[PDB]
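Chains as they are written, first to last, in the authors' numbering: chain P, 433 to 741; chain L, 123 to 184; chain Y, 9 to 125; chain W, 709 to 859; chain G, 15 to 60; chain B, 1 to 67. All residues carry an ideal CB built from backbone N, CA and C; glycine is no exception.
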RNA sequence: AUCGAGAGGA
Ligand SMILES: [Zn+2]
Ligand SMILES: [Zn+2]
Ligand SMILES: [Zn+2]
């Protein structure tokens with residue numbers, strides 16, 4: 433009698449039904465736009481709705497900075513799919529291959545750092561920080577290190593064989609400032625990028641052959657990630673990543689542009705979304721036309737579902 | 123329906139303690155997103171999905 | 009002219025503040041917490057460099073050569089060790105947004121020479 | 709034009725670029741880079757217009773004034789042109805990089821958003837992203853100015 | 015041993031097909047709700 | 001959902017060629033070879049067959065409401 | 001029918 437399931441059931445139902453994310457009494461204080469009715473006009477509309485993002489900046493805001501397509505949105509957010517009206521530049525759609533981290537516990541990473549030459553902040557001499565490197569795990573400074581290069585190599589090696597460090601874990605080394613950042617929390621956007629050797633792709637004909645018969649030897653994308661040829665790179669890790677657009681950019685040329693590539697894109701077309709991949713030859717169109725089609729495909733009429741009867 | 127195990131121990135005086143574990147106490151019904159690991163459509167083949175009048179191509183997530 | 013750094017007390021490990029004994033007029037640095045005091049030698053209390061005429065080589069660190077992002081060249085050899093490879097970039101800092109002068113860092117390990125043509 | 713821009717970049721890196729009066733060195737550097745690129749775009753558009761024949765429907769609808777323009781013909785045939793955000797080139801969204809596919813401190817036309825190809829040829833993916841930025845800026849201006857104009 | 019340019023156009027799309035056959039398209043929502051209903055509720059209760 | 005009876009542009013019958021087209025496809029024929037075999041000379045009818053998806057088969061998986 | 005919210009079109 434003391435307990436009441438009514439609060440839990442009714443509150444969850446009310447939030448999911450109205451969209452006001454908060455208490456029922458604070459209806460005006462609650463934020464709207466969450467829990468919208470699923471668009472079932474067409475399958476593309478349904479998928480785009482299921483892969484939709486938004487930013488709580490507000491439609492009344494006249495500042496153009498939040499709505500501007502940032503350079504950072506590459507491979508994470510479709511550069512064409514956005515509402516034409518007031519929500520332009522605020523409501524966004526996920527890129528096709530974009531995956532966002534579900535979160536993990538950084539305890540194994542902290543234990544491994546303790547096992548390594550990482551020195552605890554309470555034990556370090558105060559004068560050992562100027563020339564050493566600082567290590568941050570999930571935002572909290574946990575210690576200093578004296579071989580950041582070797583530590584980063586070892587951490588990447590662990591991440592590439594499904595060891596204590598999982599694939600989704602971010603690992604950014606900024607060099608100008610000696611900080612080393614390791615991220616594990618949820619909400620981090622990332623995409624799979626092919627790892628590149630000295631100058632060569634790590635993916636090989638053996639991997640492609642085993643993927644060809646994907647229905648026989650159960651060699652799947654999980655095995656691809658485990659073998660260490662594809663890595664999930666988040667946004668902050670992309671700053672230190674040198675990306676080859678295609679393997680054609682690794683071939684030696686008469687003039688050397690980069691010659692130190694560390695990653696390669698699987699395919700450039702993955703930057704598009706769901707309603708933008710329907711466009712044939714989008715590189716021969718003007719961008720507002722691509723955006724108009726991305727908005728207009730959700731209005732296209734077809735078989736929205738097989739069990740419409 | 124979500125059930126929670128509750129352990130109530132009465133402490134009054136003179137080491138008069140006794141723990142009564144109210145196993146599987148109902149706390150509320152949590153809405154389940156379709157195609158999740160706790161939906162009845164998880165892992166079901168397309169034939170079974172069609173048997174239950176559900177579209178195999180339906181992605182869920184709602 | 010040069011710059012002036014702060015001084016610490018040998019008793020409480022607090023900063024020494026400028027002070028002066030009128031009897032001898034000798035630049036003293038007296039800690040204002042305790043009675044400890046010291047005799048200065050720089051004879052300078054405060055400088056304010058507006059032209060910020062400082063060398064960016066001091067701020068440049070030698071561990072940046074291990075960045076797989078910055079460009080590399082073989083046409084500017086290191087003067088200290090003769091190594092052909094070098095990594096170059098701009099000042100990329102405030103009060104140095106202009107002056108696109110290239111700052112070169114030797115790639116070879118244990119040298120880390122930073123210079124500018 | 710690419711060779712000329714490389715020459716400006718080398719001159720800037722060798723401290724051989726004396727700033728024009730009333731402008732900063734990066735200001736002078738950019739202004740002349742954009743001048744070179746704009747001259748190249750105008751010249752290639754003029755070449756496309758000359759190449760156009762009397763039976764061309766683009767030219768027909770342009771000379772009639774019904775639709776299109778010289779800039780539309782030029783972007784369709786010769787060169788789309790420089791993509792500009794807030795009146796300047798594509799900003800360094802990353803750490804001194806417009807996209808992670810370039811090197812740090814690269815003020816070349818391709819890095820800063822000079823779409824080298826035409827619409828008929830098709831844009832490379834970096835150019836596609838930069839053109840998407842430009843179109844987004846146009847949409848932002850269109851969707852923002854209306855309330856102030858109505859007031 | 016190495017992917018030749020005339021085979022890369024097929025190899026890359028085989029890789030992408032493997033990705034979309036394993037992961038899906040609603041994987042972010044599926045995994046987020048699984049995370050919630052698996053550890054987040056227990057974390058709250060404890 | 002189902003194969004249209006006629007080509008939209010010219011009105012030639014294409015509703016009796018879907019099963020034969022599928023049989024030719026299973027008989028290792030190229031799509032264009034099958035279209036030529038079925039006498040689809042015009043590219044309108046070639047489109048009408050080549051771009052057709054057959055959702056009636058998927059709809060037939062669900063059980064009928066009335067037995 | 002009222003309020004509020006969301007999605008949209010020009
Ligand atoms: Zn003192
Ligand atoms: Zn050297
Ligand atoms: Zn026909």
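List, in order along the chain, the chain G residues whose C-beta lies closer than 9 Å to that of residue 169 of chain L? Within the second chain, numbered from 1, the residue matching residue 169 of chain L stands at position 47. Within 9 Å Cβ-Cβ: nothing; residue 169 of chain L doesn't reach chain G, min ~19 Å.
Tell me whether residue 19 of chain Y counts as near ligand 1, meaning its Cβ is closer than 8 Å to at least one heavy atom of that ligand. Counting from 1 along the third chain, the entry for residue 19 of chain Y is found at position 11. It does: the Cβ of residue 19 of chain Y is within 8 Å (strictly closer) of some heavy atom of ligand 1.
Through-space distance from residue 834 of chain W to residue 505 of chain P, alpha-carbon basis: The count along the first chain starts at 1 and reaches residue 505 of chain P at position 73. The count along the fourth chain starts at 1 and reaches residue 834 of chain W at position 126. Each residue's Cα considered, the two are about 12 Å apart.
Residues of the segment 34-48 of chain G whose Cβ lies closer than 8 Å to any Cβ of chain L, in chain order: Result list: 38, 39, 40, 43, 44, 47 and 48.
For residue 90 of chain Y, is the beta carbon positioned less than 8 Å from some heavy atom of ligand 2? The residue you call residue 90 of chain Y lines up with position 82 of the third chain. The answer is yes for residue 90 of chain Y.
So that I know if they touch, is there some Cβ in chain G lying closer than 9 Å to that of residue 628 of chain P? Position 196 of the first chain, counted from the first residue, corresponds to residue 628 of chain P. No, because no Cβ of chain G sits closer than 9 Å to the Cβ of residue 628 of chain P.
Collapsed DSSP secondary structure at residue 679 of chain P in the structure displayed: On the first chain, position 247 is the one that residue 679 of chain P refers to. In this structure, residue 679 of chain P counts as helix in the three-state DSSP scheme.
Please go through the same chain and pick out, in chain order, the residues whose beta-carbon is closer than 7 Å to the beta-carbon of residue 649 of chain P, but skip the five residues on each side of it. Taking the first residue of the first chain as position 1, residue 649 of chain P is located at position 217. Around residue 649 of chain P: 642.
Chain W contacts from the segment 711-725 of chain P (Cβ-Cβ distance under 9 Å): Of all residues in the segment 711-725 of chain P, 713, 714, 715, 716, 717, 718, 719, 720, 721, 722 and 723 have a Cβ within less than 9 Å of some Cβ in chain W.
Please list the partners that residue 15 of chain G has in chain P, where partner means a Cβ-to-Cβ separation under 9 Å. As a first step, residue 15 of chain G is located in the fifth chain; it is residue number 1 there, counting from the start. Counting only Cβ-Cβ distances below 9 Å, residue 15 of chain G has contacts in chain P at 636, 637 and 638, in chain order.
Does the distance between the C-beta of residue 44 of chain Y and the nearest non-hydrogen atom of ligand 1 fall short of 8 Å? Within the third chain, the letter at position 36 stands for residue 44 of chain Y. Answer for residue 44 of chain Y: yes, Cβ within range of ligand 1.
Look at the alpha carbon of residue 594 of chain P and the alpha carbon of residue 603 of chain P, and state the distance between them as a whole number of angstroms. By one-based count along the first chain, residue 594 of chain P stands at place 162. By one-based count along the first chain, residue 603 of chain P stands at place 171. Between the alpha carbons of residue 594 of chain P and residue 603 of chain P lies a distance of about 15 Å.
Any beta carbon of chain L sitting closer than 9 Å to that of residue 452 of chain P? Residue mapping note: residue 452 of chain P aligns to position 20 of the first chain, counting from 1. Residue contact with chain L for residue 452 of chain P: absent (no Cβ-Cβ distance below 9 Å to any residue of chain L).
For the alpha helix (DSSP H) that contains residue 728 of chain P, what are its first and last residues? Residue mapping note: residue 728 of chain P aligns to position 296 of the first chain, counting from 1. 719-729 is the extent of the alpha helix (DSSP H) around residue 728 of chain P.
Using only the alpha-carbon positions, how far apart do residue 39 of chain B and residue 9 of chain B sit? Looking up residue 39 of chain B in the sixth chain gives position 39. Looking up residue 9 of chain B in the sixth chain gives position 9. When the Cα atoms are used, residue 39 of chain B and residue 9 of chain B turn out to be separated by approximately 16 Å.
Which runs of the beta strand (DSSP E) spanning at least 3 residues fall entirely within the segment 41-117 of chain Y, listed in chain order? Here the runs fully enclosed are 45-47, 94-97 and 111-114.
CB of residue 487 of chain P within 9 Å of CB of residue 522 of chain P, strictly: Indexing the first chain from 1 puts residue 487 of chain P at position 55. Indexing the first chain from 1 puts residue 522 of chain P at position 90. Less than 9 Å divides the Cβ of residue 487 of chain P from the Cβ of residue 522 of chain P.
Mind checking residue 117 of chain Y: buried by the 16 CB within 10 Å criterion, or exposed? Stepping through the third chain from its first residue, residue 117 of chain Y is reached at position 109. Looking at its Cβ environment, which holds fewer than 16 other Cβ atoms inside 10 Å, residue 117 of chain Y is exposed.
Return yes when the C-beta of residue 84 of chain Y is under 8 Å from any heavy atom of ligand 2, and no when it is not. Numbered from its first residue, the third chain carries residue 84 of chain Y at position 76. The closest heavy atom of ligand 2 lies 8 Å or more from the beta carbon of residue 84 of chain Y.
I'd like the ranges of any alpha helix (DSSP H) spanning at least 4 consecutive residues and lying wholly in the segment 518-584 of chain P. If you keep only unbroken alpha helix (DSSP H) runs of at least 4 residues inside the segment 518-584 of chain P, you get 539-547.
For ligand 1, is there a heavy atom less than 8 Å away from the beta-carbon of residue 114 of chain Y? As a working note, residue 114 of chain Y is residue 106 in the third chain. Within the chosen limit of 8 Å, ligand 1 does not reach the beta carbon of residue 114 of chain Y with any heavy atom.
Opposite residue 147 of chain L in the DSSP bridges: which residues? For the purposes of this step, residue 147 of chain L is taken as residue 25 along the second chain, with counting starting at 1. According to DSSP, residue 147 of chain L bridges with L:126.
Residue 6 of chain B by DSSP, collapsed to three states: which one? Sequence index remark: in the sixth chain, residue 6 of chain B carries index 6 (1-based). Three-state DSSP puts residue 6 of chain B in a strand.
Verify the CB distance criterion: does residue 80 of chain Y have a CB-CB separation below 9 Å to chain P? If you number the third chain from 1, residue 80 of chain Y lands on position 72. Judged by the 9 Å Cβ criterion, residue 80 of chain Y is in contact with chain P.
My understanding is that residue 845 of chain W touches residue 787 of chain W, with C-beta atoms under 8 Å, so please give their C-beta distance in whole angstroms. Start at 1 with the first residue of the fourth chain, and residue 845 of chain W comes out as number 137. Start at 1 with the first residue of the fourth chain, and residue 787 of chain W comes out as number 79. With 8 Å as the limit, residue 845 of chain W and residue 787 of chain W do not qualify as a contact, their Cβ atoms being about 20 Å apart.
Closest Cα partner of residue 132 of chain L within the set L:126, L:140 and L:123: Taking the second chain and counting its residues from 1, the one referred to as residue 132 of chain L is at position 10. Residue L:140 holds the alpha-carbon nearest to the alpha-carbon of residue 132 of chain L among L:126, L:140 and L:123.
Can you tell me the Cβ-Cβ gap for residue 778 of chain W and residue 770 of chain W, rounded? I've got them flagged as a contact below 8 Å. Walking along the fourth chain from the start, residue 778 of chain W turns up at place 70. Walking along the fourth chain from the start, residue 770 of chain W turns up at place 62. Indeed, because the Cβ distance is near 7 Å, the residues count as touching under 8 Å.
Whole-Å CB distance - residue 150 of chain L paired with residue 437 of chain P, under 8 Å assumed: Counted from its first residue, the second chain places residue 150 of chain L at position 28. Counted from its first residue, the first chain places residue 437 of chain P at position 5. With 8 Å as the limit, residue 150 of chain L and residue 437 of chain P qualify as a contact, their Cβ atoms being about 4 Å apart.
Just to check, is the beta-carbon of residue 486 of chain P closer than 8 Å to a non-hydrogen atom of ligand 1? Position 54 of the first chain holds residue 486 of chain P. No, since every heavy atom of ligand 1 falls outside the 8 Å radius drawn around the Cβ of residue 486 of chain P.
Would you give the residue range spanned by the beta strand (DSSP E) that residue 663 of chain P belongs to? In the first chain, the residue the question calls residue 663 of chain P occupies position 231. Counting along the chain, the beta strand (DSSP E) containing residue 663 of chain P begins and ends at 662-666.
Output needed for residue 21 of chain B: all residues of its chain with C-beta closer than 7 Å, excluding positions within five of it in sequence on either side, in chain order. What you label residue 21 of chain B is simply residue 21 of the sixth chain in a count that begins at 1. Same-chain partners within the cutoff: 34, 38 and 49.
Measuring only between beta-carbons, confirm whether residue 160 of chain L sits less than 9 Å from chain G. In the second chain, residue 160 of chain L corresponds to position 38, counting from 1. Yes, contact with chain G.
Looking at chain W, is there any beta carbon in it that lies within less than 9 Å of the beta carbon of residue 45 of chain Y? Position 37 of the third chain, counting from 1, holds the residue named residue 45 of chain Y. At least 9 Å separates the CB of residue 45 of chain Y from every CB of chain W.
On a CA-only basis, which of L:184, L:183 and L:176 is nearest residue 737 of chain P? Give me that one, please. On the first chain, position 305 is the one that residue 737 of chain P refers to. The shortest Cα separation from residue 737 of chain P among L:184, L:183 and L:176 belongs to L:176.
Under a three-way DSSP split, which group does residue 119 of chain Y fall into? As a first step, residue 119 of chain Y must be located in the third chain, where it is residue number 111. Coil at residue 119 of chain Y, not helix or strand.
Does any residue of chain W have a CB that is nearer than 9 Å to the CB of residue 487 of chain P? Against the first chain, residue 487 of chain P aligns to sequence position 55. Answer no: the Cβ-Cβ gap between residue 487 of chain P and chain W never drops below 9 Å.
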